[PDB]
Structures are given as structure tokens and as C-alpha cells.
$ cat upload35.cif   # mmCIF, C-alpha atoms
data_entry
loop_
_atom_site.label_atom_id
_atom_site.label_comp_id
_atom_site.auth_asym_id
_atom_site.auth_seq_id
_atom_site.Cartn_x
_atom_site.Cartn_y
_atom_site.Cartn_z
CA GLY A 142 -22.99 29.77 11.81
CA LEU A 143 -19.48 30.21 13.17
CA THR A 144 -18.65 29.86 16.85
CA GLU A 145 -16.91 32.71 18.65
CA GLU A 146 -13.77 30.58 18.92
CA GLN A 147 -13.76 30.09 15.14
CA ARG A 148 -14.26 33.82 14.55
CA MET A 149 -11.28 34.63 16.78
CA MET A 150 -9.26 32.07 14.82
CA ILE A 151 -9.97 33.71 11.46
CA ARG A 152 -9.43 37.19 12.92
CA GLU A 153 -5.95 36.32 14.19
CA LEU A 154 -4.94 34.62 10.92
CA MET A 155 -6.04 37.65 8.89
CA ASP A 156 -4.17 39.93 11.29
CA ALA A 157 -1.06 37.77 10.88
CA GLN A 158 -1.36 37.94 7.09
CA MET A 159 -1.97 41.70 7.09
CA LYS A 160 1.25 42.38 9.02
CA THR A 161 3.64 39.95 7.30
CA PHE A 162 2.56 39.86 3.62
CA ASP A 163 3.98 42.81 1.67
CA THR A 164 1.44 42.60 -1.15
CA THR A 165 3.18 45.40 -3.08
CA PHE A 166 6.71 43.96 -2.52
CA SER A 167 7.91 47.51 -1.79
CA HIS A 168 10.63 46.35 0.63
CA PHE A 169 12.24 43.82 -1.75
CA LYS A 170 15.47 45.63 -2.64
CA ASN A 171 19.10 45.10 -3.68
CA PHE A 172 18.35 41.79 -5.40
CA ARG A 173 20.62 40.19 -7.99
CA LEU A 174 19.78 40.11 -11.70
CA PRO A 175 20.96 38.19 -14.78
CA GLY A 176 24.28 39.75 -15.65
CA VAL A 177 24.56 42.37 -18.38
CA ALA A 197 26.67 13.00 -16.42
CA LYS A 198 25.19 14.62 -13.34
CA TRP A 199 25.08 17.84 -15.39
CA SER A 200 22.77 16.08 -17.86
CA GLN A 201 20.35 15.44 -14.97
CA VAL A 202 20.89 18.93 -13.52
CA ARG A 203 19.14 20.30 -16.62
CA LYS A 204 16.04 18.26 -15.69
CA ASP A 205 15.87 19.87 -12.22
CA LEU A 206 15.57 23.57 -13.02
CA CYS A 207 12.39 25.59 -13.04
CA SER A 208 11.05 24.05 -16.24
CA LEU A 209 8.80 27.10 -16.80
CA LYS A 210 10.42 29.78 -18.99
CA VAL A 211 9.69 33.28 -17.69
CA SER A 212 10.56 36.76 -18.90
CA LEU A 213 11.24 39.44 -16.32
CA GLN A 214 9.80 42.97 -16.00
CA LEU A 215 11.03 45.89 -13.87
CA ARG A 216 8.83 49.00 -13.86
CA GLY A 217 10.84 51.96 -12.61
CA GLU A 218 9.20 54.63 -10.48
CA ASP A 219 9.88 57.16 -13.27
CA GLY A 220 8.10 55.15 -15.99
CA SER A 221 11.01 53.18 -17.47
CA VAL A 222 10.70 49.46 -18.22
CA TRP A 223 13.61 47.03 -18.09
CA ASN A 224 12.72 43.72 -19.74
CA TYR A 225 14.63 40.43 -19.73
CA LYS A 226 14.20 37.62 -22.28
CA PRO A 227 16.09 34.45 -21.33
CA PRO A 228 18.13 32.20 -23.64
CA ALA A 229 17.55 28.63 -24.76
CA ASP A 230 19.59 25.68 -23.52
CA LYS A 234 26.39 27.16 -17.71
CA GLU A 235 23.98 29.83 -18.98
CA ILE A 236 21.10 27.81 -17.51
CA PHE A 237 22.23 29.06 -14.07
CA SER A 238 21.78 32.78 -14.81
CA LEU A 239 18.43 33.08 -12.99
CA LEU A 240 19.39 31.12 -9.84
CA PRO A 241 20.85 34.06 -7.82
CA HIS A 242 17.75 36.19 -8.45
CA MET A 243 15.42 33.32 -7.56
CA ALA A 244 17.34 32.76 -4.31
CA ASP A 245 16.95 36.42 -3.29
CA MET A 246 13.20 36.43 -4.01
CA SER A 247 12.91 33.10 -2.18
CA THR A 248 14.74 34.54 0.84
CA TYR A 249 12.52 37.63 0.89
CA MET A 250 9.38 35.46 0.81
CA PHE A 251 10.70 33.12 3.51
CA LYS A 252 11.33 36.02 5.89
CA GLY A 253 7.68 37.05 5.66
CA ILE A 254 6.47 33.47 6.07
CA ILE A 255 8.53 32.99 9.24
CA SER A 256 7.14 36.26 10.62
CA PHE A 257 3.62 35.06 9.80
CA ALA A 258 4.18 31.89 11.82
CA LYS A 259 5.71 33.64 14.84
CA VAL A 260 2.74 35.99 15.37
CA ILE A 261 0.18 33.15 15.46
CA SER A 262 -0.56 32.20 19.07
CA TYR A 263 -1.07 28.51 18.26
CA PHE A 264 2.40 28.51 16.68
CA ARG A 265 3.98 30.70 19.38
CA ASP A 266 3.04 28.14 22.05
CA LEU A 267 4.67 25.10 20.43
CA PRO A 268 8.16 24.05 21.59
CA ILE A 269 10.93 25.94 19.81
CA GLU A 270 12.29 22.78 18.19
CA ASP A 271 8.80 21.97 16.88
CA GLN A 272 8.38 25.47 15.45
CA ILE A 273 11.63 24.97 13.54
CA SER A 274 10.53 21.56 12.27
CA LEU A 275 7.17 22.91 11.07
CA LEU A 276 8.74 25.87 9.24
CA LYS A 277 11.26 23.58 7.53
CA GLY A 278 8.50 21.52 5.93
CA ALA A 279 5.97 24.20 5.01
CA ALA A 280 7.93 27.30 3.91
CA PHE A 281 7.91 26.18 0.26
CA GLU A 282 4.16 25.47 0.35
CA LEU A 283 3.25 28.86 1.84
CA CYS A 284 5.42 30.67 -0.71
CA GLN A 285 3.42 28.91 -3.44
CA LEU A 286 0.15 29.83 -1.72
CA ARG A 287 1.07 33.50 -1.28
CA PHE A 288 2.28 33.69 -4.88
CA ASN A 289 -1.04 32.32 -6.16
CA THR A 290 -2.78 35.44 -4.83
CA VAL A 291 -0.68 37.69 -7.11
CA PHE A 292 -1.02 35.33 -10.10
CA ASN A 293 -2.90 36.51 -13.20
CA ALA A 294 -4.26 33.44 -15.02
CA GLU A 295 -5.47 35.62 -17.91
CA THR A 296 -1.98 36.94 -18.73
CA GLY A 297 0.15 34.09 -17.33
CA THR A 298 1.92 36.47 -14.97
CA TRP A 299 2.89 36.73 -11.30
CA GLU A 300 2.58 40.45 -10.53
CA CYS A 301 4.89 41.34 -7.62
CA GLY A 302 4.64 45.11 -7.40
CA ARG A 303 7.14 46.65 -9.80
CA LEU A 304 8.37 43.12 -10.67
CA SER A 305 6.68 40.66 -13.01
CA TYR A 306 7.37 37.02 -13.92
CA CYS A 307 5.60 36.50 -17.24
CA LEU A 308 5.42 33.07 -18.86
CA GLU A 309 6.90 32.71 -22.34
CA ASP A 310 4.65 31.40 -25.11
CA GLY A 314 0.22 26.68 -26.29
CA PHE A 315 -1.19 27.06 -22.77
CA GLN A 316 -2.27 23.39 -22.96
CA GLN A 317 1.14 21.74 -23.37
CA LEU A 318 2.56 24.17 -20.79
CA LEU A 319 0.16 23.16 -17.99
CA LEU A 320 1.47 19.57 -17.95
CA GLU A 321 4.07 20.85 -15.48
CA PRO A 322 2.43 20.17 -12.08
CA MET A 323 3.35 23.48 -10.44
CA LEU A 324 1.75 25.53 -13.22
CA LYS A 325 -1.34 23.30 -13.24
CA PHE A 326 -1.58 23.85 -9.48
CA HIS A 327 -1.65 27.64 -9.94
CA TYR A 328 -4.32 27.70 -12.67
CA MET A 329 -6.59 25.34 -10.73
CA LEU A 330 -6.24 27.21 -7.43
CA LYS A 331 -7.03 30.53 -9.12
CA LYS A 332 -10.09 29.03 -10.80
CA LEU A 333 -11.64 28.29 -7.39
CA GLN A 334 -11.86 32.07 -6.74
CA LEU A 335 -11.05 31.88 -3.04
CA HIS A 336 -11.49 34.58 -0.42
CA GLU A 337 -8.61 36.03 1.58
CA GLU A 338 -9.87 34.07 4.59
CA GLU A 339 -9.78 30.81 2.63
CA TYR A 340 -6.18 31.45 1.55
CA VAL A 341 -4.94 32.15 5.08
CA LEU A 342 -6.65 28.98 6.33
CA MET A 343 -4.86 26.92 3.68
CA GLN A 344 -1.61 28.42 4.98
CA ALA A 345 -2.51 27.40 8.54
CA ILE A 346 -3.44 23.80 7.66
CA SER A 347 -0.19 23.48 5.70
CA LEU A 348 2.00 25.06 8.39
CA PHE A 349 0.50 22.79 11.07
CA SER A 350 1.02 19.44 9.29
CA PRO A 351 2.00 16.90 12.00
CA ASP A 352 3.72 14.47 9.60
CA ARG A 353 6.71 16.74 8.95
CA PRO A 354 10.18 15.23 9.56
CA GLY A 355 11.22 15.90 13.14
CA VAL A 356 7.97 16.94 14.83
CA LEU A 357 7.63 15.88 18.48
CA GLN A 358 4.18 17.11 19.59
CA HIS A 359 2.37 15.22 16.83
CA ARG A 360 -0.81 14.98 18.92
CA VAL A 361 -0.83 18.74 19.60
CA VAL A 362 -0.11 19.69 15.98
CA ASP A 363 -2.75 17.20 14.82
CA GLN A 364 -5.48 18.67 17.03
CA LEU A 365 -4.55 22.17 15.84
CA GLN A 366 -4.66 21.13 12.17
CA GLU A 367 -8.13 19.62 12.59
CA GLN A 368 -9.59 22.79 14.12
CA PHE A 369 -8.16 24.83 11.23
CA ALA A 370 -9.74 22.49 8.66
CA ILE A 371 -13.06 22.41 10.53
CA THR A 372 -13.08 26.23 10.59
CA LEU A 373 -12.53 26.25 6.81
CA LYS A 374 -15.38 23.78 6.22
CA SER A 375 -17.66 25.87 8.44
CA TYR A 376 -16.63 29.09 6.68
CA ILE A 377 -17.56 27.65 3.28
CA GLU A 378 -20.88 26.38 4.65
CA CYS A 379 -21.97 29.80 5.94
CA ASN A 380 -20.55 32.11 3.23
CA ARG A 381 -21.07 30.20 -0.05
CA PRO A 382 -24.53 28.81 -0.84
CA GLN A 383 -24.07 28.79 -4.63
CA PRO A 384 -24.03 25.47 -6.53
CA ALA A 385 -20.66 26.33 -8.10
CA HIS A 386 -19.10 25.94 -4.62
CA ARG A 387 -20.45 22.43 -4.06
CA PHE A 388 -17.64 20.26 -2.63
CA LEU A 389 -15.40 23.34 -2.46
CA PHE A 390 -13.93 22.31 0.90
CA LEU A 391 -13.05 18.86 -0.45
CA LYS A 392 -11.49 20.44 -3.55
CA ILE A 393 -9.23 22.58 -1.34
CA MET A 394 -8.09 19.63 0.79
CA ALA A 395 -7.24 17.72 -2.40
CA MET A 396 -5.12 20.62 -3.66
CA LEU A 397 -3.28 20.73 -0.32
CA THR A 398 -2.34 17.09 -0.88
CA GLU A 399 -1.06 17.91 -4.38
CA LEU A 400 0.84 20.99 -3.16
CA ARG A 401 2.64 18.64 -0.78
CA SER A 402 3.67 16.19 -3.52
CA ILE A 403 4.98 19.16 -5.52
CA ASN A 404 6.94 20.17 -2.41
CA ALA A 405 8.67 16.79 -2.03
CA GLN A 406 9.51 16.52 -5.74
CA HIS A 407 11.10 19.99 -5.75
CA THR A 408 13.01 19.79 -2.46
CA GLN A 409 15.08 16.97 -3.95
CA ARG A 410 15.47 18.86 -7.23
CA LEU A 411 16.92 21.93 -5.51
CA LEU A 412 19.29 19.86 -3.36
CA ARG A 413 20.65 18.16 -6.48
CA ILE A 414 21.37 21.52 -8.12
CA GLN A 415 22.87 22.86 -4.89
CA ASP A 416 25.48 20.08 -4.92
CA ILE A 417 26.51 20.88 -8.52
CA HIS A 418 26.01 24.67 -8.61
CA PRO A 419 25.77 26.36 -5.19
CA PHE A 420 23.15 29.11 -4.99
CA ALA A 421 21.26 28.73 -1.70
CA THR A 422 21.34 31.71 0.67
CA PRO A 423 22.16 31.15 4.37
CA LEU A 424 18.47 31.33 5.33
CA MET A 425 17.66 28.79 2.61
CA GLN A 426 20.40 26.49 3.92
CA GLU A 427 18.87 26.65 7.41
CA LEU A 428 15.50 25.52 6.04
CA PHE A 429 17.01 22.74 3.89
CA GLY A 430 19.11 21.27 6.69
CA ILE A 431 22.41 22.32 5.10
CA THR A 432 25.12 22.53 7.76
CA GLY A 433 28.12 24.11 6.02
CA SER A 434 30.46 21.17 6.71
CA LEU A 435 31.03 17.65 5.27
#
$ encode --input "upload35.cif" --output "C-alpha cells"
Amino acid sequence: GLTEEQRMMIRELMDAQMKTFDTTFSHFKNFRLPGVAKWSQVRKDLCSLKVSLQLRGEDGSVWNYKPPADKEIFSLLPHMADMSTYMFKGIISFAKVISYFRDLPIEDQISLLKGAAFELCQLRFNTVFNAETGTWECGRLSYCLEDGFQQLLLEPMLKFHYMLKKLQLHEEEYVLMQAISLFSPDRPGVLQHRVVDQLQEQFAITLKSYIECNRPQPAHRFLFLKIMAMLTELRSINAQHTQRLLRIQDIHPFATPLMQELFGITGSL
């Protein structure tokens, strides 16, 4: 029941995702690893989820990292920044191949990427998340949660990942969530709010139509409304964490140059 315009929309988003999402993470190389007052509040701003780290070598060897309990709380920041930078490069490439994004003014493209890069990284990471092992499988890398799973899901970011996985979405539904998020007109600095708003609505209407034609089962009743609600929660998680990272960055610098560009850091003052 999809119009030809809506089919072309999904086709181009899937093509964008196919070219810019290294599902096997095979090109993520040379990354850093844990070495072989305001600081009381800095401890409340870290990734509150404790993760062990796995590295499967091509020969069969396994390097495994167990972290310590609570300046040793900063040992994982350089590695996180490198992974973050590798994800952000793919997300920017995903945006630049989309025609609807390519046609926006260059200053509006920058404003939209600044507000949505975190959200798309979360969305792409959910696809490699294993809710049955508590693990984000990134090719030869693994971020496994440390052990129950009821007191751990009070953290909103982890609860977001378990709930999004439970919806059992298609690849097409994931890429449409990326599009709706990337084209949010209420981001700080956007000029063509009317243009971005009309684009966002067509993306959401395409998603609602996709669910109507491809999912008749009663388990997918209100699925489109459930997805829109999660996009609103993903955005609250984004705002709460942007301030948390900027607090840490003032006390313990870690952000890469590409992360500074997306956070508005100038290098002066």
C-alpha cells in the first residue's frame, strides 16, 4: 500500500545505510585501550554501566579486560572517544548521501548533525545489541555488561536498549528512525525549520505506512506509536548526556577534534 515516492524513500535510506554502516567494524583500527568538589560530581557523570571488554584476535586469541571499582575512573575515556569518533564518521557519511539532506543549506546540515549524532550512534548500536547476553557485539570487539538485570535497567540508556530490541524491528524501520531523528527541526541553530519539518513528517508517514502494510499481527498493534514514543525518550537521554560529557570534558579532557566540532567546542577561552 506504499506509494512510489515512499518506496524510493525507503530504497535510498537503505542504500545510505548499506554504504556507511560497517556492521563488522572491520575498519576500526589503532584505537586506544586501558593501559597495561566538582570531582565528586564528575563521578556521577560517567557511563554508569560497568562493561568488560573483549578482543578476539584473528588467530583465535582472546584479550579480556575487567575494570576496577571506584583518577582510575578515567581509564576507559580514551577508548570510548575513539569508538565514538569512528561511529560519528559513518553517521556523517550516512547523512551526506541522503538527497533530502544534501539539498539543505550547509549551515543547516551542520546544525542537524550536531543535534542527532549521539541519537544515531545509539540507534546503530541497538542493532548489534544482544539482549540475551547483555552484550554489544562489534565485530572482534565486545562490550559485555558486568553482573540483577532488574536493578541494572533503572539506568535510562540501558532500559532504552532492552525496550527497542524487544520491538523486533526490521532494517527498514531502524533506518527510518534514523531519518526522523536526523531531520528534527527543533535542533539549536536550524534555519529552514519549515523545510526540515515537512521532511520529518514524510519520513514518519512512510514509517506508519510501512507498519500498516507489512505487519498485520496483533503483537504489532500501536507499533508506530511505540516507536515515536521511544524517539522522544532517546532525545531526553541525549540532552541529559550532552551536559554530562561537557562537565567531564572541563575536568578531564578526552574529546577528539571531531567530537569537539559536534559539541561546539572552539579551542579557545
$ closest_residue --input "upload35.cif" --among "A:296, A:409, A:262, A:165" --to "residue 365 in chain A" --atoms "all atoms listed in the file"
A:262
$ axis_aligned_box --input "upload35.cif" --around "range 200-204 of chain A" --padding-each-side "4 Å" --output "JSON"
{"center_x": 19.4, "center_y": 17.9, "center_z": -15.7, "size_x": 14.7, "size_y": 12.9, "size_z": 12.3}
$ resolve_selection --input "upload35.cif" --expression "the PyMOL selection byres ((chain A and resi 326-337) around 10)" --output "JSON list (two decimals) with C-alpha atoms, keeping the file's coordinate frame"
[["chain", "number", "residue", "atom", "x", "y", "z"],
["A", 155, "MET", "CA", -6.04, 37.65, 8.89],
["A", 158, "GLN", "CA", -1.36, 37.94, 7.09],
["A", 285, "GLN", "CA", 3.42, 28.91, -3.44],
["A", 286, "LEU", "CA", 0.15, 29.83, -1.72],
["A", 288, "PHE", "CA", 2.28, 33.69, -4.88],
["A", 289, "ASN", "CA", -1.04, 32.32, -6.16],
["A", 290, "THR", "CA", -2.78, 35.44, -4.83],
["A", 291, "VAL", "CA", -0.68, 37.69, -7.11],
["A", 292, "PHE", "CA", -1.02, 35.33, -10.10],
["A", 293, "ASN", "CA", -2.90, 36.51, -13.20],
["A", 294, "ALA", "CA", -4.26, 33.44, -15.02],
["A", 295, "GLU", "CA", -5.47, 35.62, -17.91],
["A", 297, "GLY", "CA", 0.15, 34.09, -17.33],
["A", 319, "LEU", "CA", 0.16, 23.16, -17.99],
["A", 320, "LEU", "CA", 1.47, 19.57, -17.95],
["A", 321, "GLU", "CA", 4.07, 20.85, -15.48],
["A", 322, "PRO", "CA", 2.43, 20.17, -12.08],
["A", 323, "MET", "CA", 3.35, 23.48, -10.44],
["A", 324, "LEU", "CA", 1.75, 25.53, -13.22],
["A", 325, "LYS", "CA", -1.34, 23.30, -13.24],
["A", 338, "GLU", "CA", -9.87, 34.07, 4.59],
["A", 339, "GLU", "CA", -9.78, 30.81, 2.63],
["A", 340, "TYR", "CA", -6.18, 31.45, 1.55],
["A", 341, "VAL", "CA", -4.94, 32.15, 5.08],
["A", 342, "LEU", "CA", -6.65, 28.98, 6.33],
["A", 377, "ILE", "CA", -17.56, 27.65, 3.28],
["A", 385, "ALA", "CA", -20.66, 26.33, -8.10],
["A", 386, "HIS", "CA", -19.10, 25.94, -4.62],
["A", 389, "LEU", "CA", -15.40, 23.34, -2.46],
["A", 392, "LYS", "CA", -11.49, 20.44, -3.55],
["A", 393, "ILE", "CA", -9.23, 22.58, -1.34],
["A", 396, "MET", "CA", -5.12, 20.62, -3.66],
["A", 397, "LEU", "CA", -3.28, 20.73, -0.32],
["A", 399, "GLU", "CA", -1.06, 17.91, -4.38],
["A", 400, "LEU", "CA", 0.84, 20.99, -3.16],
["A", 403, "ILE", "CA", 4.98, 19.16, -5.52]]
$ atom_distance --input "upload35.cif" --atom1 "CA of residue 250 in chain A" --atom2 "CA of residue 284 in chain A"
6.4 Å
$ resolve_selection --input "upload35.cif" --expression "the PyMOL selection byres ((chain A and resi 263) around 10)" --output "PyMOL selection string"
chain A and resi 150+258-262+264-267+345+349+361-362+365
$ residues_around --input "upload35.cif" --residues "residue 347 in chain A" --least-positions-apart "5" --cutoff "8 Å" --atoms "all atoms listed in the file" --output "PyMOL selection string"
chain A and resi 279+282-283+397
$ resolve_selection --input "upload35.cif" --expression "the PyMOL selection byres ((chain A and resi 164) around 9)" --output "list in words"
residues 159, 162, 163, 165, 166, 167, 291, 301 and 302 of chain A
$ closest_atom_pairs --input "upload35.cif" --of "range 337-429 of chain A" --to "range 252-255 of chain A" --cutoff "10 Å" --atoms "all atoms listed in the file" --output "tab-separated table"
residue	atom	partner	partner_atom	distance
A:344	CA	A:254	CA	9.6
A:348	CA	A:254	CA	9.8
A:424	CA	A:252	CA	8.6
$ residues_near_point --input "upload35.cif" --point "(4.0, 18.1, 9.1)" --cutoff "6 Å" --atoms "all atoms listed in the file" --output "PDB file with C-alpha atoms, in the frame of the given file"
ATOM      1  CA  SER A 350       1.020  19.440   9.290  1.00  0.00           C
ATOM      2  CA  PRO A 351       2.000  16.900  12.000  1.00  0.00           C
ATOM      3  CA  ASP A 352       3.720  14.470   9.600  1.00  0.00           C
ATOM      4  CA  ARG A 353       6.710  16.740   8.950  1.00  0.00           C
TER       5      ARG A 353
END
$ closest_residue --input "upload35.cif" --among "A:378, A:161, A:369, A:433" --to "residue 149 in chain A" --atoms "all atoms listed in the file"
A:369
$ atom_distance --input "upload35.cif" --atom1 "CA of residue 177 in chain A" --atom2 "CA of residue 238 in chain A"
10.6 Å
$ atom_distance --input "upload35.cif" --atom1 "CA of residue 307 in chain A" --atom2 "CA of residue 209 in chain A"
9.9 Å
$ decode --input "upload35.cif" --residues "range 321-375 of chain A" --atoms "C-alpha atoms" --output "PDB file, in the first residue's frame"
ATOM      1  CA  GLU A 321      19.583   3.456  34.069  1.00  0.00           C
ATOM      2  CA  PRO A 322      17.587   5.053  31.216  1.00  0.00           C
ATOM      3  CA  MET A 323      20.058   4.281  28.421  1.00  0.00           C
ATOM      4  CA  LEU A 324      20.078   0.558  29.204  1.00  0.00           C
ATOM      5  CA  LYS A 325      16.289   0.479  29.539  1.00  0.00           C
ATOM      6  CA  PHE A 326      16.103   2.171  26.129  1.00  0.00           C
ATOM      7  CA  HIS A 327      18.176  -0.611  24.540  1.00  0.00           C
ATOM      8  CA  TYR A 328      16.215  -3.536  26.013  1.00  0.00           C
ATOM      9  CA  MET A 329      12.876  -1.994  25.038  1.00  0.00           C
ATOM     10  CA  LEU A 330      13.944  -1.147  21.480  1.00  0.00           C
ATOM     11  CA  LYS A 331      15.271  -4.676  20.938  1.00  0.00           C
ATOM     12  CA  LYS A 332      12.026  -6.166  22.263  1.00  0.00           C
ATOM     13  CA  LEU A 333      10.072  -4.481  19.448  1.00  0.00           C
ATOM     14  CA  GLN A 334      11.936  -6.692  16.917  1.00  0.00           C
ATOM     15  CA  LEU A 335      12.212  -4.040  14.217  1.00  0.00           C
ATOM     16  CA  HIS A 336      13.143  -4.516  10.570  1.00  0.00           C
ATOM     17  CA  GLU A 337      16.178  -2.900   8.969  1.00  0.00           C
ATOM     18  CA  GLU A 338      13.810  -0.511   7.188  1.00  0.00           C
ATOM     19  CA  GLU A 339      12.228   0.542  10.489  1.00  0.00           C
ATOM     20  CA  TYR A 340      15.648   1.274  12.005  1.00  0.00           C
ATOM     21  CA  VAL A 341      16.797   3.455   9.103  1.00  0.00           C
ATOM     22  CA  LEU A 342      13.524   5.406   9.251  1.00  0.00           C
ATOM     23  CA  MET A 343      14.067   6.114  12.956  1.00  0.00           C
ATOM     24  CA  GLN A 344      17.484   7.475  11.994  1.00  0.00           C
ATOM     25  CA  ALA A 345      15.900   9.744   9.374  1.00  0.00           C
ATOM     26  CA  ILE A 346      13.201  11.135  11.694  1.00  0.00           C
ATOM     27  CA  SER A 347      15.873  11.815  14.329  1.00  0.00           C
ATOM     28  CA  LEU A 348      18.356  13.406  11.914  1.00  0.00           C
ATOM     29  CA  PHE A 349      15.642  15.696  10.496  1.00  0.00           C
ATOM     30  CA  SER A 350      14.350  17.120  13.805  1.00  0.00           C
ATOM     31  CA  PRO A 351      13.542  20.818  13.166  1.00  0.00           C
ATOM     32  CA  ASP A 352      13.806  21.875  16.834  1.00  0.00           C
ATOM     33  CA  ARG A 353      17.594  21.484  16.994  1.00  0.00           C
ATOM     34  CA  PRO A 354      19.579  24.532  18.213  1.00  0.00           C
ATOM     35  CA  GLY A 355      20.537  26.668  15.224  1.00  0.00           C
ATOM     36  CA  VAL A 356      18.294  25.356  12.435  1.00  0.00           C
ATOM     37  CA  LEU A 357      17.141  27.982   9.920  1.00  0.00           C
ATOM     38  CA  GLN A 358      14.874  26.115   7.464  1.00  0.00           C
ATOM     39  CA  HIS A 359      12.546  24.883  10.196  1.00  0.00           C
ATOM     40  CA  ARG A 360       9.615  24.676   7.762  1.00  0.00           C
ATOM     41  CA  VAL A 361      11.628  22.595   5.274  1.00  0.00           C
ATOM     42  CA  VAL A 362      13.038  20.252   7.923  1.00  0.00           C
ATOM     43  CA  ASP A 363       9.554  19.911   9.441  1.00  0.00           C
ATOM     44  CA  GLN A 364       7.940  18.876   6.151  1.00  0.00           C
ATOM     45  CA  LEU A 365      10.746  16.361   5.579  1.00  0.00           C
ATOM     46  CA  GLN A 366      10.360  14.877   9.068  1.00  0.00           C
ATOM     47  CA  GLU A 367       6.618  14.397   8.576  1.00  0.00           C
ATOM     48  CA  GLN A 368       7.050  12.488   5.302  1.00  0.00           C
ATOM     49  CA  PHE A 369       9.588  10.193   6.994  1.00  0.00           C
ATOM     50  CA  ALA A 370       7.184   9.469   9.864  1.00  0.00           C
ATOM     51  CA  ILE A 371       4.242   8.962   7.493  1.00  0.00           C
ATOM     52  CA  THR A 372       6.340   6.495   5.474  1.00  0.00           C
ATOM     53  CA  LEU A 373       7.097   4.574   8.683  1.00  0.00           C
ATOM     54  CA  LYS A 374       3.417   4.448   9.680  1.00  0.00           C
ATOM     55  CA  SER A 375       2.511   3.236   6.184  1.00  0.00           C
TER      56      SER A 375
END
